[PDB]
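Written below as structure tokens is the structure these notes are about.
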There are 2 protein chains.
Amino acid sequence: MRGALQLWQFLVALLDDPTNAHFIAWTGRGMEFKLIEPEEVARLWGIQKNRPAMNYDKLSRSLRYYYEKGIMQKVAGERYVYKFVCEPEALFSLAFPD
Amino acid sequence: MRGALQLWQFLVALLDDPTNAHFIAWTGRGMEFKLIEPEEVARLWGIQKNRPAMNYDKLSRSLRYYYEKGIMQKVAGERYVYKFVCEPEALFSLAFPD
């Protein structure tokens, strides 16, 4: 994975592997996913990026950048639940993560 | 765009720009798109890849590889109409076009 790997790509790599479901999982509702252990997801992102001071406060800023741009949505009334947006315009952003 | 740009990424770049709608367009039904001028799409792909003998016969092999793998679907009873699949597993394939 490249130095400029997107958080969203890293999350999808984690989500694709059901052996990770103890800390992050597709919920089964469409493109919805849950961060079951948010600080563990952040720790793993820190390892990926060689940023040992990574934490969920930091990681969550990027989730918010994604949902403000309509690439993800934050699921209302839930904690730590997000979804990928299924839409022509969002797909362009995904197609060109660089 | 990198030497290893995927056809699907190239198509999304074309589709994102509505000034291309005379040869390729999102149809408005979800993630469905139509190749209005299939040989023009192929000509442009040939330019992108410096493959001047490109044509739609060749390009369409890749569309078929994508739909056989469940990354796209071919729309039944239609000519030149495809859709991107909105699904956890397909998204992993999109996330890692390399």
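Every residue, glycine as well, gets a Cβ built from its backbone with ideal geometry; the counts of neighbours run over all protein chains shown. Taken together, the values in this text are just the output of simple stated rules run on the coordinates, not laboratory data.
Rundown of residues vs (1) under 25 Å from B:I71 (Cα atoms); (2) of a type outside the set (D, E, K, R); (3) in contact (Cβ under 8 Å) with a residue 24 or more places away in the chain, yes/no style:
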site: A:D57; (1), (2), (3): no, no, no
site: A:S60; (1), (2), (3): no, yes, no
site: A:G70; (1), (2), (3): yes, yes, no
site: A:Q73; (1), (2), (3): yes, yes, no
site: A:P88; (1), (2), (3): yes, yes, no
site: A:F92; (1), (2), (3): yes, yes, no
site: A:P97; (1), (2), (3): yes, yes, yes
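So in segment A:13-32, with the set limited to residues that are without any contact (Cβ under 8 Å) to a residue 12 or more places away in the chain and either surrounded by 13 or more Cβ atoms within 10 Å (Cβ to Cβ) or in contact with a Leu (Cβ under 6 Å, 6 or more places away or on another chain) (or both), which one is farthest from the other protein chains (Cβ to nearest Cβ)?
A:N20
For a quick check of your reading: which helices (runs of 4 or more DSSP H) sit entirely within segment B:33-98 and have at least 1 residues that are away from chain A (no Cβ under 14 Å) and buried (at least 16 other Cβ atoms within 10 Å of the Cβ)?
Working: elements: B:38-49, B:56-68, B:88-95.
By residue number, B:38-49, B:56-68.
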